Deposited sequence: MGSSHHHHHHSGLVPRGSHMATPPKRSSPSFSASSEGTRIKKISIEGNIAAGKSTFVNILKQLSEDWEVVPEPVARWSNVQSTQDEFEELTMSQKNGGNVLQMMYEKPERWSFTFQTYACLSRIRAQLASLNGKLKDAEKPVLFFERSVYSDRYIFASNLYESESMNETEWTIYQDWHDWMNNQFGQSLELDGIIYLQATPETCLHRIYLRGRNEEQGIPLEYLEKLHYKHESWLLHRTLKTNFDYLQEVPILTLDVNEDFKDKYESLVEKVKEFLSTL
């Protein structure tokens, strides 16, 4: 019986670092990266995904729908094989969810006009459908940082394509993160999700070698599920 936690948050808040911290604290703990993050920097999968990322960055109003499609189906399959292959008290740690795909990223491209009524309408259906047709999660852990901490972090990361991402986007993605995971205001069609329990974690301070409290906070919340 595998528990299922999603680790969520804005660009450069510290998810993969956190995910690769818990990684070696237990062998009942496994981690599934987010596919997009491997296409992000530096095989047929990587080829395509990196092709798709650059195009979405260069002309989002043309490539948002295809990007969202490939990136969600990639997380989906990446997530399926981690039931297969590995894991007494097993937890799987997901690096973002198919819900972030949709209520954070996909949603923001509609409202910014990068996907049109048809595009976004056809995405909501596929999504609803592809997901109803094993990965529903036991909990969500929210690593909350500011747009500014987020903005500084991507600069410390130094990714080519990401240096141009401006504070105003991050500022939109923070708001949706907030409405979903803290005031629990955002409303959806995965109903269980309205009451999956969530833990919010302040990672504005650097925790790269001072993380015991955050982890005790994780261990405690696992205990409550």
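- Numbering the deposited sequence from 1, one finds several regions with no C-alpha coordinates, namely 1-38, 81-90, 136-138, 185-187.
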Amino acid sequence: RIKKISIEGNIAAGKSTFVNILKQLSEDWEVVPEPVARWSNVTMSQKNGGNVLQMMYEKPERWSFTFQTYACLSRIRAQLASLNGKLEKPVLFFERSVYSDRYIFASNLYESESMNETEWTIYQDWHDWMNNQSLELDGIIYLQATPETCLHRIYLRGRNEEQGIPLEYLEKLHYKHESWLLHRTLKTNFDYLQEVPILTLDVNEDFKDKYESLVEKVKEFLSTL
From here on, numbers count along this sequence of modelled residues.
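- Averaged over their C-alpha atoms, the temperature factors of 59-67 and 184-192 are higher for 184-192.
- Just going by the entry, 78-86 versus 118-126 on mean CA temperature factor gives the higher value to 78-86.
- Highest CA B-factor among 107, 146, 134, 131, as stated in the entry: 131.
- When the CA B factors of the chain's modelled residues are split into thirds, the value for residue 217 lands in the middle one.
- The deposited CA B-factor of residue 103 belongs to the lowest third of values across its chain.
- The entry lists a Cα temperature factor for residue 50 that places it in the middle third of the chain's modelled residues.
- Per-chain ranking of the deposited C-alpha B factor places residue 151 in the lowest third.
- Ranked within its chain, residue 73 lands in the middle third, by CA B factor from the PDB record.
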